[PDB]
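Participant: The structure file target-v7.cif (mmCIF, C-alpha atoms) is provided below.
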```cif
data_model
loop_
_atom_site.group_PDB
_atom_site.id
_atom_site.type_symbol
_atom_site.label_atom_id
_atom_site.label_comp_id
_atom_site.auth_asym_id
_atom_site.auth_seq_id
_atom_site.Cartn_x
_atom_site.Cartn_y
_atom_site.Cartn_z
ATOM 1 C CA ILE A 55 23.171 2.068 -26.344
ATOM 2 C CA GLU A 56 24.476 2.036 -22.813
ATOM 3 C CA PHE A 57 25.868 5.112 -21.402
ATOM 4 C CA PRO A 58 25.679 7.814 -23.824
ATOM 5 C CA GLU A 59 22.129 6.863 -24.917
ATOM 6 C CA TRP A 60 19.411 7.116 -22.086
ATOM 7 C CA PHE A 61 19.599 10.940 -22.243
ATOM 8 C CA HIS A 62 19.401 12.896 -25.459
ATOM 9 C CA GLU A 63 22.689 14.695 -25.372
ATOM 10 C CA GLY A 64 22.812 18.129 -26.833
ATOM 11 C CA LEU A 65 19.065 18.657 -26.901
ATOM 12 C CA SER A 66 17.528 21.905 -25.899
ATOM 13 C CA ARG A 67 14.261 22.294 -23.937
ATOM 14 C CA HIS A 68 12.395 23.494 -27.009
ATOM 15 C CA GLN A 69 13.897 20.801 -29.207
ATOM 16 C CA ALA A 70 12.486 18.271 -26.714
ATOM 17 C CA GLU A 71 9.063 19.937 -27.038
ATOM 18 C CA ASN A 72 9.358 19.746 -30.843
ATOM 19 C CA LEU A 73 10.129 16.001 -30.768
ATOM 20 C CA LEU A 74 7.527 15.097 -28.143
ATOM 21 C CA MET A 75 4.693 16.987 -29.810
ATOM 22 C CA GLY A 76 5.007 14.226 -32.435
ATOM 23 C CA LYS A 77 4.399 11.568 -29.806
ATOM 24 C CA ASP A 78 1.427 10.584 -27.651
ATOM 25 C CA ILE A 79 0.801 11.513 -24.021
ATOM 26 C CA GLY A 80 3.272 10.235 -21.413
ATOM 27 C CA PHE A 81 6.166 9.891 -23.806
ATOM 28 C CA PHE A 82 9.265 11.630 -22.513
ATOM 29 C CA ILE A 83 12.834 12.729 -22.858
ATOM 30 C CA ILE A 84 15.452 13.011 -20.154
ATOM 31 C CA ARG A 85 18.074 15.721 -20.955
ATOM 32 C CA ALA A 86 20.896 17.710 -19.353
ATOM 33 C CA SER A 87 19.613 21.197 -18.783
ATOM 34 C CA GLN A 88 21.251 24.060 -20.711
ATOM 35 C CA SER A 89 19.635 26.733 -18.635
ATOM 36 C CA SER A 90 21.029 25.130 -15.387
ATOM 37 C CA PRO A 91 24.222 23.333 -16.137
ATOM 38 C CA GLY A 92 24.544 20.253 -14.010
ATOM 39 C CA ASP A 93 20.766 19.742 -13.750
ATOM 40 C CA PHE A 94 18.725 17.071 -15.477
ATOM 41 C CA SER A 95 15.294 17.827 -16.827
ATOM 42 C CA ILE A 96 12.433 15.516 -17.819
ATOM 43 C CA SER A 97 10.239 16.674 -20.689
ATOM 44 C CA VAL A 98 6.869 14.972 -20.929
ATOM 45 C CA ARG A 99 4.123 14.996 -23.567
ATOM 46 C CA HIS A 100 0.794 16.112 -22.004
ATOM 47 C CA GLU A 101 -2.533 16.253 -23.814
ATOM 48 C CA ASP A 102 -2.006 19.571 -25.651
ATOM 49 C CA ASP A 103 1.555 20.448 -24.961
ATOM 50 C CA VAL A 104 4.929 19.391 -23.519
ATOM 51 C CA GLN A 105 5.874 20.225 -19.918
ATOM 52 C CA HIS A 106 9.190 20.036 -18.093
ATOM 53 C CA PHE A 107 10.152 18.764 -14.656
ATOM 54 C CA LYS A 108 13.455 19.407 -12.800
ATOM 55 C CA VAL A 109 15.200 16.391 -11.324
ATOM 56 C CA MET A 110 15.716 17.327 -7.699
ATOM 57 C CA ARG A 111 18.528 15.959 -5.553
ATOM 58 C CA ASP A 112 19.726 15.843 -2.012
ATOM 59 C CA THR A 113 23.072 15.507 -0.191
ATOM 60 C CA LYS A 114 22.531 11.723 0.148
ATOM 61 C CA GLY A 115 22.238 11.220 -3.555
ATOM 62 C CA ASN A 116 18.480 10.691 -3.736
ATOM 63 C CA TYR A 117 16.373 11.669 -6.699
ATOM 64 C CA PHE A 118 13.003 13.246 -6.588
ATOM 65 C CA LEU A 119 10.410 15.360 -8.334
ATOM 66 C CA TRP A 120 7.698 15.886 -5.748
ATOM 67 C CA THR A 121 8.077 14.258 -2.298
ATOM 68 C CA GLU A 122 8.850 10.498 -2.826
ATOM 69 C CA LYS A 123 12.608 9.990 -2.967
ATOM 70 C CA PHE A 124 14.601 7.326 -4.897
ATOM 71 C CA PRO A 125 18.210 6.114 -4.807
ATOM 72 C CA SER A 126 18.436 6.103 -8.614
ATOM 73 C CA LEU A 127 17.075 7.912 -11.651
ATOM 74 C CA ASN A 128 15.880 4.629 -13.025
ATOM 75 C CA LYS A 129 13.789 3.969 -9.937
ATOM 76 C CA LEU A 130 12.388 7.528 -10.217
ATOM 77 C CA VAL A 131 11.381 6.888 -13.816
ATOM 78 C CA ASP A 132 9.823 3.555 -12.984
ATOM 79 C CA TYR A 133 7.756 5.078 -10.134
ATOM 80 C CA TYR A 134 6.296 7.670 -12.617
ATOM 81 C CA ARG A 135 5.252 4.901 -14.998
ATOM 82 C CA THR A 136 2.443 4.007 -12.523
ATOM 83 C CA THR A 137 1.971 7.092 -10.356
ATOM 84 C CA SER A 138 1.085 10.297 -12.197
ATOM 85 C CA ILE A 139 3.954 12.755 -12.751
ATOM 86 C CA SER A 140 1.410 15.599 -12.931
ATOM 87 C CA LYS A 141 -0.524 16.734 -9.784
ATOM 88 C CA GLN A 142 -3.481 17.957 -11.880
ATOM 89 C CA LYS A 143 -4.016 15.341 -14.573
ATOM 90 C CA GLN A 144 -3.192 11.654 -14.937
ATOM 91 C CA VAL A 145 0.110 11.447 -16.882
ATOM 92 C CA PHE A 146 2.172 8.249 -16.647
ATOM 93 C CA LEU A 147 5.617 7.961 -18.290
ATOM 94 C CA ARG A 148 5.865 5.678 -21.345
ATOM 95 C CA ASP A 149 8.596 4.657 -23.765
ATOM 96 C CA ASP B 556 12.905 28.921 -16.608
ATOM 97 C CA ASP B 557 9.588 27.218 -15.893
ATOM 98 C CA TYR B 558 9.118 23.659 -14.410
ATOM 99 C CA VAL B 559 5.909 21.914 -13.325
ATOM 100 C CA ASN B 560 7.508 20.878 -9.984
ATOM 101 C CA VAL B 561 9.255 24.130 -9.211
#
```
Take the structure I supplied and represent it as structure tokens, if you would.

Facilitator:
Amino acid sequence: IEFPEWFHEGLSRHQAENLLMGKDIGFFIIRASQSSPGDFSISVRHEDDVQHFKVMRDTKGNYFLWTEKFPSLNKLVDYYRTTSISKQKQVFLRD
Amino acid sequence: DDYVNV
């Protein structure tokens, strides 16, 4: 619980894939990237696999994945609960 | 590495 425990600390990209393959579509993990220190990544169970998005940022502190921008990560997550996170399939975030 | 949105 709150702070440490809304990201899975110490988890690799492929570990996230391993965990999420055991879950249904739309389930997800937010993690600190190892490949790009100082980035956050969102791993998301799709129909047949697990795919990864990079949390994009600007100089004003906004958060984004595609084009809609948000003043927090939490707001970004909530937006992708009801708008698809994928541009090819319908994938809503669930927890 | 490879990201859906990159």

Participant: Convert the output of the PyMOL selection byres ((chain B) within 6 of (chain A)) on the shown file into explicit residues, formatted as a CSV table (one decimal) with C-alpha atoms, keeping the file's coordinate frame.

Facilitator:
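Written out: part.csv:
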```
chain,number,residue,atom,x,y,z
B,558,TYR,CA,9.1,23.7,-14.4
B,559,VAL,CA,5.9,21.9,-13.3
B,560,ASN,CA,7.5,20.9,-10.0
```

Participant: Between CA of residue 121 in chain A and CA of residue 71 in chain A, what distance in Å does the model show, to one decimal?

Facilitator: 25.4 Å

Participant: Work out how far CA of residue 135 in chain A is from CA of residue 57 in chain A, in Å to one decimal.

Facilitator: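 Calculated distance between CA of residue 57 in chain A and CA of residue 135 in chain A is 21.6 Å.
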
Participant: Once the PyMOL selection byres ((chain A and resi 73-75) around 10) is applied to the coordinates I shared, what remains selected? I want it as a PyMOL selection string.

Facilitator: chain A and resi 68-72+76-83+97-105

Participant: One decimal, in Å: what's the spacing between CA of residue 85 in chain A and CA of residue 129 in chain A?

Facilitator: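 Distance reported for this atom pair: 16.7 Å.
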
Participant: Find the spatial neighbours of residue 63 in chain A, counting all atoms listed in the file, within a cut-off of 8 Å - ignore same-chain residues fewer than 4 positions away - and output them as JSON, numbers by chain.

Facilitator: {"A": [58, 59, 85, 86]}

Participant: Output requested as an mmCIF file, keeping the file's coordinate frame - range 111-147 of chain A, filled out with N, CA and C atoms.

Facilitator:
```
data_model
loop_
_atom_site.group_PDB
_atom_site.id
_atom_site.type_symbol
_atom_site.label_atom_id
_atom_site.label_comp_id
_atom_site.auth_asym_id
_atom_site.auth_seq_id
_atom_site.Cartn_x
_atom_site.Cartn_y
_atom_site.Cartn_z
ATOM 1 N N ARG A 111 17.529 16.796 -6.204
ATOM 2 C CA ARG A 111 18.528 15.959 -5.553
ATOM 3 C C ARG A 111 18.742 16.406 -4.152
ATOM 4 N N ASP A 112 19.174 15.465 -3.332
ATOM 5 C CA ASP A 112 19.726 15.843 -2.012
ATOM 6 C C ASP A 112 21.162 15.433 -1.732
ATOM 7 N N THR A 113 21.666 15.797 -0.539
ATOM 8 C CA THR A 113 23.072 15.507 -0.191
ATOM 9 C C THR A 113 23.363 14.047 -0.037
ATOM 10 N N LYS A 114 22.334 13.191 0.093
ATOM 11 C CA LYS A 114 22.531 11.723 0.148
ATOM 12 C C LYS A 114 22.488 11.040 -1.178
ATOM 13 N N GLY A 115 22.228 11.796 -2.239
ATOM 14 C CA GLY A 115 22.238 11.220 -3.555
ATOM 15 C C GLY A 115 20.861 10.818 -4.000
ATOM 16 N N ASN A 116 19.802 11.101 -3.255
ATOM 17 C CA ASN A 116 18.480 10.691 -3.736
ATOM 18 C C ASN A 116 18.005 11.573 -4.872
ATOM 19 N N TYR A 117 17.039 11.039 -5.574
ATOM 20 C CA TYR A 117 16.373 11.669 -6.699
ATOM 21 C C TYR A 117 14.921 11.825 -6.360
ATOM 22 N N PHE A 118 14.385 12.978 -6.754
ATOM 23 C CA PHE A 118 13.003 13.246 -6.588
ATOM 24 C C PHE A 118 12.476 14.313 -7.517
ATOM 25 N N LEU A 119 11.169 14.288 -7.709
ATOM 26 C CA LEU A 119 10.410 15.360 -8.334
ATOM 27 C C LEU A 119 9.431 16.127 -7.423
ATOM 28 N N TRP A 120 8.701 15.377 -6.626
ATOM 29 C CA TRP A 120 7.698 15.886 -5.748
ATOM 30 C C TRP A 120 8.121 15.655 -4.255
ATOM 31 N N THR A 121 7.653 14.586 -3.643
ATOM 32 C CA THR A 121 8.077 14.258 -2.298
ATOM 33 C C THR A 121 8.672 12.867 -2.145
ATOM 34 N N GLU A 122 8.227 11.837 -2.902
ATOM 35 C CA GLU A 122 8.850 10.498 -2.826
ATOM 36 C C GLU A 122 10.279 10.512 -3.409
ATOM 37 N N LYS A 123 11.209 9.921 -2.658
ATOM 38 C CA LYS A 123 12.608 9.990 -2.967
ATOM 39 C C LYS A 123 13.048 8.623 -3.410
ATOM 40 N N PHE A 124 14.065 8.558 -4.266
ATOM 41 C CA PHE A 124 14.601 7.326 -4.897
ATOM 42 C C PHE A 124 16.118 7.365 -4.959
ATOM 43 N N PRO A 125 16.739 6.211 -4.843
ATOM 44 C CA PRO A 125 18.210 6.114 -4.807
ATOM 45 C C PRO A 125 18.814 6.071 -6.214
ATOM 46 N N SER A 126 17.996 5.940 -7.254
ATOM 47 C CA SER A 126 18.436 6.103 -8.614
ATOM 48 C C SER A 126 17.398 6.856 -9.501
ATOM 49 N N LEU A 127 17.913 7.357 -10.620
ATOM 50 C CA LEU A 127 17.075 7.912 -11.651
ATOM 51 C C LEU A 127 16.165 6.905 -12.245
ATOM 52 N N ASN A 128 16.663 5.678 -12.404
ATOM 53 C CA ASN A 128 15.880 4.629 -13.025
ATOM 54 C C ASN A 128 14.638 4.267 -12.168
ATOM 55 N N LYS A 129 14.850 4.233 -10.874
ATOM 56 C CA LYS A 129 13.789 3.969 -9.937
ATOM 57 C C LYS A 129 12.790 5.091 -9.949
ATOM 58 N N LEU A 130 13.285 6.347 -10.089
ATOM 59 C CA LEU A 130 12.388 7.528 -10.217
ATOM 60 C C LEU A 130 11.495 7.433 -11.453
ATOM 61 N N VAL A 131 12.104 7.048 -12.573
ATOM 62 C CA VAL A 131 11.381 6.888 -13.816
ATOM 63 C C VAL A 131 10.352 5.811 -13.660
ATOM 64 N N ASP A 132 10.763 4.667 -13.126
ATOM 65 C CA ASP A 132 9.823 3.555 -12.984
ATOM 66 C C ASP A 132 8.605 3.931 -12.055
ATOM 67 N N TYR A 133 8.827 4.723 -11.003
ATOM 68 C CA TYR A 133 7.756 5.078 -10.134
ATOM 69 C C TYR A 133 6.724 5.892 -10.931
ATOM 70 N N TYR A 134 7.211 6.777 -11.841
ATOM 71 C CA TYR A 134 6.296 7.670 -12.617
ATOM 72 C C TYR A 134 5.649 7.009 -13.843
ATOM 73 N N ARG A 135 5.982 5.732 -14.053
ATOM 74 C CA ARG A 135 5.252 4.901 -14.998
ATOM 75 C C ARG A 135 3.868 4.459 -14.456
ATOM 76 N N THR A 136 3.700 4.440 -13.114
ATOM 77 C CA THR A 136 2.443 4.007 -12.523
ATOM 78 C C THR A 136 1.814 4.902 -11.500
ATOM 79 N N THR A 137 2.518 5.959 -11.095
ATOM 80 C CA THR A 137 1.971 7.092 -10.356
ATOM 81 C C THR A 137 2.072 8.271 -11.281
ATOM 82 N N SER A 138 1.030 9.114 -11.360
ATOM 83 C CA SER A 138 1.085 10.297 -12.197
ATOM 84 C C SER A 138 2.251 11.235 -11.834
ATOM 85 N N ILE A 139 2.923 11.719 -12.866
ATOM 86 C CA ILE A 139 3.954 12.755 -12.751
ATOM 87 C C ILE A 139 3.365 14.178 -12.639
ATOM 88 N N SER A 140 2.096 14.337 -13.005
ATOM 89 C CA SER A 140 1.410 15.599 -12.931
ATOM 90 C C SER A 140 0.522 15.503 -11.655
ATOM 91 N N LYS A 141 0.354 16.636 -10.975
ATOM 92 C CA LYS A 141 -0.524 16.734 -9.784
ATOM 93 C C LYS A 141 -1.906 17.271 -10.161
ATOM 94 N N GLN A 142 -2.172 17.479 -11.440
ATOM 95 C CA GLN A 142 -3.481 17.957 -11.880
ATOM 96 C C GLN A 142 -4.194 17.044 -12.865
ATOM 97 N N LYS A 143 -3.459 16.191 -13.535
ATOM 98 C CA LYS A 143 -4.016 15.341 -14.573
ATOM 99 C C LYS A 143 -3.333 14.009 -14.363
ATOM 100 N N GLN A 144 -3.864 12.960 -14.972
ATOM 101 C CA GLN A 144 -3.192 11.654 -14.937
ATOM 102 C C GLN A 144 -2.270 11.509 -16.116
ATOM 103 N N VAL A 145 -0.967 11.571 -15.853
ATOM 104 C CA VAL A 145 0.110 11.447 -16.882
ATOM 105 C C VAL A 145 1.191 10.479 -16.335
ATOM 106 N N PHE A 146 1.210 9.280 -16.920
ATOM 107 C CA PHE A 146 2.172 8.249 -16.647
ATOM 108 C C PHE A 146 3.258 8.242 -17.763
ATOM 109 N N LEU A 147 4.502 7.986 -17.367
ATOM 110 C CA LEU A 147 5.617 7.961 -18.290
ATOM 111 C C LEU A 147 5.541 6.658 -19.118
#
```
